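Q: Got an experimental structure here, sequence first:
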Amino acid sequence: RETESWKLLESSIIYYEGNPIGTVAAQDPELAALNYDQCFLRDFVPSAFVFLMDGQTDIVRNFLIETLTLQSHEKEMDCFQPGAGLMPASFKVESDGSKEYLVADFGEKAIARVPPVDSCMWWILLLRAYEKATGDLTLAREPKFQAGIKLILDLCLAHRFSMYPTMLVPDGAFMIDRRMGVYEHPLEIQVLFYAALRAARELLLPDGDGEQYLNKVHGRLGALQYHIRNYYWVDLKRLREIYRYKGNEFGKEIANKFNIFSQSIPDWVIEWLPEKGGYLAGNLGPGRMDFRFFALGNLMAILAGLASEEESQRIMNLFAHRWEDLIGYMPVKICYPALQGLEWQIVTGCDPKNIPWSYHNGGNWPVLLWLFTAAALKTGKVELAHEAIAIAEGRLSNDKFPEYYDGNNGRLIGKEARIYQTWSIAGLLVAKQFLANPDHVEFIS
Amino acid sequence: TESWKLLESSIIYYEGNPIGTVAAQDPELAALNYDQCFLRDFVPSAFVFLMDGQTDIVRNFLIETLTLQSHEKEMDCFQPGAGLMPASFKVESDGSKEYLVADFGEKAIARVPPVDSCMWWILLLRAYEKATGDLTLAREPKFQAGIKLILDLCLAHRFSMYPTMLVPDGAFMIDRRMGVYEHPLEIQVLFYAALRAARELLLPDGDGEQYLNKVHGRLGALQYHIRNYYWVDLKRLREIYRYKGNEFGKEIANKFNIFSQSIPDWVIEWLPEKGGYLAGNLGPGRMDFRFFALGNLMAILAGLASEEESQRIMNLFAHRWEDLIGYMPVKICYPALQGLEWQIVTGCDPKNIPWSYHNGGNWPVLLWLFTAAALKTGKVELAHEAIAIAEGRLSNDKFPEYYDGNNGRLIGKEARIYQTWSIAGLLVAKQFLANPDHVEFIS
Amino acid sequence: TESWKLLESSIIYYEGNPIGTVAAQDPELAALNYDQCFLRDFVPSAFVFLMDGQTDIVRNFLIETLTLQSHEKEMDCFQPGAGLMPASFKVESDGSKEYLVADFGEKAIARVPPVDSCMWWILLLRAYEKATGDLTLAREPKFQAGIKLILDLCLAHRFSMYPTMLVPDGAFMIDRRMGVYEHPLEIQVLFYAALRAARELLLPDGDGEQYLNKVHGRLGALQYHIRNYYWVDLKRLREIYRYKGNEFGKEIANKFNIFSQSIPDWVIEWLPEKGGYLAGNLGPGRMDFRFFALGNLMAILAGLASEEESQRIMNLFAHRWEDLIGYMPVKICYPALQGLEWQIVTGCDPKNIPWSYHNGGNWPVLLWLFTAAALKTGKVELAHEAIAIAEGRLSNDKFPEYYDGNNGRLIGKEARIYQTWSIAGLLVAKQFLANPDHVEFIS
Ligand SMILES: OC[C@H]1O[C@](O)(CO)[C@@H](O)[C@@H]1O
Ligand SMILES: OC[C@H]1O[C@](O)(CO)[C@@H](O)[C@@H]1O
Ligand SMILES: OC[C@H]1O[C@](O)(CO)[C@@H](O)[C@@H]1O
């Protein structure tokens, strides 16, 4: 409470009719406001965890209520309506004369019109975190909330043309909200999908059509976990198998179901893995396996229990063995390796914000520290959590809590990073609070 | 003729009745899935049979595929939407007993979803009705239910603001990984056309009215979106080229955040003054400027493109004839992904090397769409020329599945011979030429 | 042991007698030519049998291959030299009757010539005699005639000033297009070794003296040429790097006109101070700086390299252990051809992608040569380590033909399992380790 960071977090709070309802993304005094003066649903999560652990839960309750109201608001682009269940990427408070009102971005204001797919999942997860932290079960059981959950599930569980139980998205549909070759079936979306289904199973009442929703949830839940665990898992044993796959196999009972051509498996993968390491791949689809390591997807896979115990140990072993690549001078690298040269051009459409080792394209993101700490505590690798926190702690305050860091090893402050980025401040606080009392990790697991 | 006899021998029979045609009758290559009837491949065969007058095979096909729609489809305990039509099917027997076996994507190479198959089914059902006058078929409760299941799948709520359909890579005629994921033109145009057909085929009875309302609504949004965002011409390119990056807000010009420095050099030089086309794809940070022939030709036929847009697409074909027709109509898409682009986008797919197969190969089947579109736009002479090019080679080459090279000079690297829709494509084109009124069945 | 039982089941029988061993016993892959006994592959099998004491199979092999040498070999009316030994052979039957069928290059993929096979035959005949003490075999007129035919082919006059042997690409263990055309080290070293063996095996009777004289003469010139022009160390690299281009005349330093700007960057950093090796190739305007393991190890064993050179090759292995042994001894050559170099040099050969198969793959069979060379140079501890690496994986992996990756971590992309010379290689290495005196049979 008396810390510098806590006071920065307090100033970030957004008020609405005299009540705290969220936090701004950043308080950078110089850069263009752009959309950084808005409360992003994904950014609020670590803020919420600080507030819940501290004991002031009104802000989180208020956030959940107002975002539920935003769900019923109308969204249009060229006058077409998406599903009613879509949660917004972000919102802020405006005022026309005397009265305050909330304005939101559901993707129709967003740069590149990216859909905030992860936002509705984070909302479910935060609702669950709220329940477990406070003990207040009544909020989620209110008819409003039940309906809101169900609208999210309608979109998530929408019928597919394909045989894949994964969720299909366009590029830039999560924390990585720009064109980064994370289209189709990105790990992060699948892991958050799995976690949200697990949560919905706790939150849903069987009343009315509730039993119908639970049925839909449980069927997808098992299929999704099987699919991810069996086809996304990468280790040396599995790589040896994939590398020897024959191409152009037709039929049900074939090994190479997705028609991966082993001559396309990148050079770096084979040398990068340690004997006792492993990870969930970045993406899988027709003719495609994305071997990039994505930190958020893997860490949440440990916390949500999607990964098995052994798989969770092997992910942490990878972090230990490739510490320079994945932590370096600032935890945690968002994905590894960076897209470079002509691959950057082709995959990102020459996006100047995502040059090699910058931002989404292999930058290091302080916020991810809270996930890493949680995961390290859960797998009983506390020493890793401690070293990671020590690294971040030695720079963040001095650098004024940047949004992200750049370079192979995170040496540079992010090229266009906002300073006083709220989830960089909150991430460090959450990590320290988890370390001080490891039982609080149960809020997210 | 030689072609008719070949088409006849391709017919699959089931309990004594014709129900479809095999993809190819190659004497030497591995069967793989080429001994099956593909829903997309059967379309031109069906047209031959409809115009000839033997319509039983088409009626039977429509009935058997409807039945297949209700088959149990599964991979590792997951079910797709109930409306999904198969990629293909064949007949198998246990002793005396015969039964149909289908690939819904669970057997398919790379597990690609046959998203186009359900749209082609609706279009063929409409073509059947218009051509025969048999209104009894589509009216049947089973057929009404079947159309609706497809609409349930096509119109299911999504996360994005736009009304286009989201698909994985390889979801249509291009059924391998080719960077046609997200919002490929072919899917959007087939979707539009299928919706227009559904509008005519749905009975109002019960919830039919609800379906018709949703269809009408989507048709409007879809036509607007496609025409206003996919259309490429010199004037539009000048606009896009001058777009500012990283615009945030509802009221911005560069909504999808295209960076003009990434616009390929070939595009600006390739378009003639009076030419234009619908782009291959659109999504976050992405515009695929490749020209896709099927999408563009079907846009003309379905009335998705305006009359002027249709004329400008045909102007493009005339001006860039060597590129898009060359020695074999029609080039499936232009230009080819080359070098490291081929590696990155296809995952080093050996069947789609540059200027081969899906990656800028030339496909004889497309001649029937080109001929239809040419007739509709009043470019009869282009139809004559394209038909003359194909007829000069196909028979001598034993009707290859596809041709390769910048200008289609090579027989396809792995092309099957006696590919059914290559034979049916030529026949259909000549039938249309003889009686242009038959173009109505697909327009 | 498991390995012995596997080696036994690989034996080919012919009219009731053992005459060779199949290349692999893969339960699943296409036979291709892996159901044949290769002359090069049989060598380590032969050594196992010689050291065990069952020498009939080796005697029978030598006899049957000699007979094959006299078989009619043809492609489009052209005959090679009469001394050519086959790449491989197998047994076939017409009803009850059995007969041998051989591949001399006329069946081979890419029509590659098995130049190494005839040299391996001579070396095995010498190994047989030394190990058994049966001097009656090589003395037979038929065997004398057979040795001479091989020498006629090896020593036939050529156009070049140097005494090395000119070959097309893919003429040895590396039997595919890998830029090992012209004067590859392996051929020159095997040639030298075969000549040394021929010196012991030839009777003086009749023209035997003439042959012995030519052999003696070539041995001298060949050893000088190889040692003085193929040897690479830091001191030599400093010389070559400072060579002037386009020197004309007898008395010039840069005889082969190597341009020092073309010397690859990796070479200078890779060599340790006390390390060195024989280069992979030499010819007009060309020095192939790739390290080739078989050539270098056989140079040690045949006494072609000096004692110091032998120690410096072993120093290279110790210093660059991860590169040359890694997780599976031994890397066939280093480094891999990559990117456009792979395309240009291999013609985009899919079996030889970077760090795979011939193109920098790791080959268990080579362990027997490495162990022999290590014993001979007094580096017993390196032998122990390499053997420990292989034994920790081969049985669990079902004895793959080869391993892939920079450090041999992958099982070979298209590796057959139960590859005979992988099994025989390990057994031979352990046999040598137990009794180093047996190294004499190949030295
Ligand atoms: O609206 C989407 C935009 O929002 C950001 O997260 C911050 O401005 C960008 O990464 C993205 O382009
Ligand atoms: O099952 C899908 C496969 O079917 C084909 O159309 C023909 O074999 C291929 O293009 C594709 O990979
Ligand atoms: O016939 C020559 C062929 O035999 C092989 O050794 C095994 O199939 C290949 O390396 C080569 O291409």
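A: Arrived safely. Numbers count the residues shown, from 1 in each chain, chains lettered A, B, ... in the order given. Ligands and ions are numbered 1, 2, ... in the order given.

Q: ok, now which ones touch the residue of the stretch 151-300 of chain A found nearest ligand 2?
A: Nearest residue of the stretch 151-300 of chain A to ligand 2, counting by CB to the nearest ligand atom: residue A:250, 5.9 Å away. Every residue, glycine included, has its C-beta placed from N, CA and C. Residues near residue A:250 by CB atoms under 8 Å, 6 or more residues apart in numbering or on different chains: B:32-33, B:107-109.

Q: Do you have the strands of the stretch 251-400 of chain A handy? List them.
A: In the stretch 251-400 of chain A, the strands defined using DSSP state E, counting those that start in this stretch lie at A:279-285, A:288-294, A:335-336.

Q: List the neighbouring strands of the shortest one plus their orientation.
A: Next to strand A:335-336 in the sheet, as set by DSSP bridges, lie strand A:288-294 (antiparallel).

Q: about what we covered before: save the strands of the stretch 251-400 of chain A as CSV, and put in mean neighbour count too.
A: Compiled in CSV, the strands of the stretch 251-400 of chain A are given as follows (neighbours: other CB atoms under 10 Å in any protein chain shown):
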stretch, mean neighbour count
strand A:279-285, 25
strand A:288-294, 23
strand A:335-336, 22
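
Q: what about these, which gets the closest to ligand 1?
A: Nearest of the strands of the stretch 251-400 of chain A to ligand 1, taken as CB to the nearest ligand atom: strand A:335-336 at 14.3 Å.

Q: Tell me how far the closest one lies from the chain's centre.
A: Centroid separation between strand A:335-336 and its chain, computed with CA atoms, centre = their mean, to the nearest Å, is 14 Å.

Q: And stretch A:104-119, by the same measure?
A: When distances are taken as CA atoms, centre = their mean, stretch A:104-119 is centred 15 Å away from the chain's centroid.

Q: what does stretch A:245-261 give?
A: Counting by CA atoms, centre = their mean, stretch A:245-261 comes out at 31 Å from the chain centroid.

Q: Would you map the helices across the stretch 201-350 of chain A?
A: A:210-227, A:236-243, A:267-272, A:295-303, A:309-321, A:323-326, A:341-348 (DSSP state H, counting those that start in this stretch).

Q: Assign residue A:94 to helix, strand or coil.
A: Look at residue A:94: counting by DSSP: H, G, I helix; E, B strand; the rest coil, its state is strand.

Q: mind listing what the nearest residue to it once chain neighbours are set aside touches?
A: Closest residue in space to residue A:94, ignoring its immediate chain neighbours: residue A:103 at 5.1 Å, by CB to CB, 6 or more residues apart in numbering or on different chains. For residue A:103, the contact set (CB under 8 Å, 6+ apart) comprises A:91-94.

Q: Filter these down to just the buried residues.
A: A:91-93 (16 or more other CB atoms under 10 Å in any protein chain shown).

Q: And the residue of chain A that's closest to ligand 3?
A: residue A:246 (16.1 Å).

Q: Now that residue: closest residue in space that isn't a chain neighbour?
A: Take residue A:246 and drop its neighbours on the chain: the residue closest to it by CB to CB, 6+ apart is residue A:256, 6.2 Å away.

Q: Tally up the residues packed near the closest residue to residue A:344 other than its chain neighbours, please.
A: Leaving aside its sequence neighbours, residue A:344 sits nearest to residue A:356 (CB to CB, 6+ apart; 6.0 Å). If you count neighbours by other CB atoms under 10 Å in any protein chain shown, residue A:356 ends up with 17.

Q: do you know how far residue A:356 is from chain C?
A: Separation of residue A:356 from chain C (CB to the nearest CB, to the nearest Å) stands at 19 Å.

Q: surely that residue meets residue A:342?
A: No: using CB atoms under 8 Å as the test, residue A:356 is too far from residue A:342 to be in contact (11.5 Å).

Q: tell me the contacts of residue A:25?
A: Residue A:25 touches A:35-40, A:43, A:90, A:418, A:421-423, counting by CB under 8 Å, 6+ apart.

Q: just those that are near ligand 1?
A: Filtering these for proximity to ligand 1 by CB under 6 Å from any ligand atom leaves residue A:35.

Q: tell me which parts of chain A are close to chain C?
A: Counting by CB under 8 Å from any CB of the partner chain, chain A comes close to chain C at A:236, A:239-240, A:243-244, A:262-263, A:267, A:270-271.

Q: ok, now with 7 Å
A: A:236, A:240, A:243-244, A:262-263, A:270-271 (CB under 7 Å from any CB of the partner chain).

Q: Would you mind listing which of these are buried?
A: Using 16+ other CB under 10 Å as the burial test, these include A:236, A:240, A:243-244, A:262-263, A:270 as buried.

Q: So which bits of stretch A:373-393 are buried?
A: By neighbour count on 16+ other CB under 10 Å, the buried set for stretch A:373-393 is A:373-379, A:381, A:384-385, A:388-389, A:391-392.

Q: so how far is the first residue of it from its last?
A: End-to-end distance of stretch A:373-393 (CA to CA, to the nearest Å): 13 Å.

Q: Give the full set of residues in contact with residue A:83.
A: By CB atoms under 7 Å, 6 or more residues apart in numbering or on different chains, residue A:83 lies in contact with A:154-155, B:157-158.

Q: Please report how far residue A:48 lies from chain C.
A: Distance from residue A:48 to chain C, by CB to the nearest CB: 44 Å.

Q: anything in the strand or helix carrying that residue near chain B?
A: Using DSSP states H and E, residue A:48 maps to helix A:41-54. No: figure legend: helix A:41-54 not in contact with chain B (CB under 7 Å from any CB); closest approach 13.7 Å.

Q: Closest one of the contacts of residue A:103 to chain B?
A: Closest approach between these and chain B, by CB to the nearest CB: residue A:92, at 12.4 Å.

Q: Tell me which residues touch the nearest residue to the closest one once chain neighbours are set aside, please.
A: Using CB to CB, 6+ apart and skipping the chain neighbours, the partner closest in space to residue A:92 is residue A:38 (4.4 Å). Taking CB under 7 Å, 6+ apart, we find residue A:38 in contact with A:24-25, A:90-92, A:105.

Q: Now, the residues you listed that are in strands?
A: With strands taken from DSSP state E, the overlap with the contacts of residue A:38 comprises A:90-92, A:105.

Q: residues from the stretch 151-300 of chain A in reach of ligand 1?
A: Of all the residues in the stretch 151-300 of chain A, those lying near ligand 1 are A:177-178, going by CB under 6 Å from any ligand atom.

Q: can the helix or strand hosting residue A:193 be found next to chain B?
A: Assigned by DSSP H and E, residue A:193 falls within helix A:187-203. No: Helix A:187-203 stays clear of chain B (CB under 7 Å from any CB), getting no nearer than 10.3 Å.

Q: That helix - contacts with which helices or strands?
A: helix A:117-134, helix A:143-156, helix A:210-227, strand A:279-285, helix A:295-303 (3 or more CB pairs under 7 Å, 6 or more residues apart in numbering or on different chains; DSSP states H and E).

Q: export those to TSV and tack on distance to ligand 2?
A: Formatted as TSV, the helices and strands packed on helix A:187-203 follow (distance: least, CB to the nearest ligand atom, whole Å):
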stretch	distance to ligand 2
helix A:117-134	28
helix A:143-156	28
helix A:210-227	19
strand A:279-285	14
helix A:295-303	28
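
Q: Just the ones in helices from the contacts of residue A:25, please.
A: Those of the contacts of residue A:25 mapping onto helices are A:43, A:422-423, per DSSP state H.

Q: Not counting residues beside it along the chain, what's closest to residue A:162?
A: In space, residue A:162 is closest to residue B:113, 4.0 Å off (CB to CB, 6+ apart).

Q: follow-up on the earlier one: the inter-axis angle of the helix holding residue A:193 versus helix A:41-54?
A: 50 degrees (axes from the mean of the first three to the mean of the last three CA atoms, to 10 degrees).
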